[PDB]
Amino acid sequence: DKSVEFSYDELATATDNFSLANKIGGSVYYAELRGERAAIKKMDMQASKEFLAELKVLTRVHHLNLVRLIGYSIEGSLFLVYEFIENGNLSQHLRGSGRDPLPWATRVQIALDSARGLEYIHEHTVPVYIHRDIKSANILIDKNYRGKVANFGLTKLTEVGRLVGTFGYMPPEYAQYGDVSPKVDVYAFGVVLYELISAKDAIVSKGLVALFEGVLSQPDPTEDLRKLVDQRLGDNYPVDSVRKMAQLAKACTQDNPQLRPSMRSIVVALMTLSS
């Protein structure tokens, strides 16, 4: 339908024929479309497969913690139009330059926001989704520092040997066997929790998960855990909340996928170690 289908001319006029001035990321262009701030992404492809109808179902997903697919354009090249999230992504806030450090309380709220979004697509959408590419760069931040999960349901574009995923976020059963389940997302979310605690990259030579595993394997991990906490936080964090988050992330990144918690249980826990 044209309430969700955009003509190329409407997008070109709104981007000044895709001027470099309107680029925001990537190949992403900012535009104001039908009274909404939007982010237009050129996909170097096109498909009247069920993906067109799969794009239709994607546009009906509406959640405060998911980046909404506003619409699309099938005039030739595939254009996906998304709501514009104005304050970057979590990876930039944790490690990118120019930005102040996130307070611990704000990091907990972002974790809770992201988990609620994942809980919704795991349990409540029709149909349910597995994201398969959760990572800090896919958590976008608004002006009030609330989090929104981006780029879910976009897997057929990649798969249709190959693998979907990002280095540092894939669980052992997927890397070694190709097994896909919602627990793939749980594992990756655990890595994000470790990034929130440490502000280290998912990579570094060393993976975050093994570094925390060795620390948490100690009788009293508190002294070694403090070394792993983001130095930009200083002493401004509750030690028990960080411990609870670290232990939750450890449970999320266990080898056995059947023993990782569900997103619903993850939400409950994060509300406990809240802020």
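Counting begins at 1, following the sequence as shown.
> Report, from the record, the number of residues in the deposited sequence between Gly25 and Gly26 that have no coordinates, as none, 1 to 3, 4 to 9, or 10 or more.
Count of unmodelled residues in between: 4 to 9.
> For the step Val126 to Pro127, what size class fits the number of deposited residues with no coordinates, none, 1 to 3, 4 to 9, or 10 or more?
In the deposited sequence, nothing is left without coordinates between these two.
> Averaging the C-alpha B factors as listed in the entry, name the stretch that ends up higher: 116-124 or 81-89.
Taking the mean C-alpha B-factor of 116-124 and of 81-89, the larger value falls to 81-89.
> Could you settle it for me: does 91-99 or 187-195 have the higher average Cα B factor in the PDB entry?
Here the higher of the two C-alpha B-factor means belongs to 91-99.
> Per the entry's Cα B factor values, which of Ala31, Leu228, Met43, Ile70 stands out as the maximum?
In this record, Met43 carries the highest C-alpha B-factor of the candidates.
> When you compare the CA B-factors of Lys56, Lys250, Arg37, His63 as listed in the entry, which one comes out on top?
Reading the PDB entry, the winner on C-alpha B-factor is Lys56.
> By the recorded C-alpha temperature factor, relative to the other modelled residues in its chain, which third is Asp133 in?
It falls in the bottom third of the chain.
> If you rank the chain by CA B-factor, which third does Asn17 end up in: lowest, middle or highest?
Its C-alpha B-factor, which the entry lists for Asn17, ranks in the highest third among residues of this chain.
> Splitting the chain's C-alpha B-factors into thirds, which one does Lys156 fall into?
It belongs to the highest third of the chain when residues are ordered by C-alpha B-factor.
> Per the entry's values, where does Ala175 land by CA temperature factor relative to the rest of its chain, in the lowest, middle or highest third?
It falls in the middle third of the chain.
> Please place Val215 in the lowest, middle or highest third of its chain according to the CA B-factor in the PDB entry.
As the PDB entry reports it, the C-alpha B-factor of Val215 lands in the highest third of its chain.
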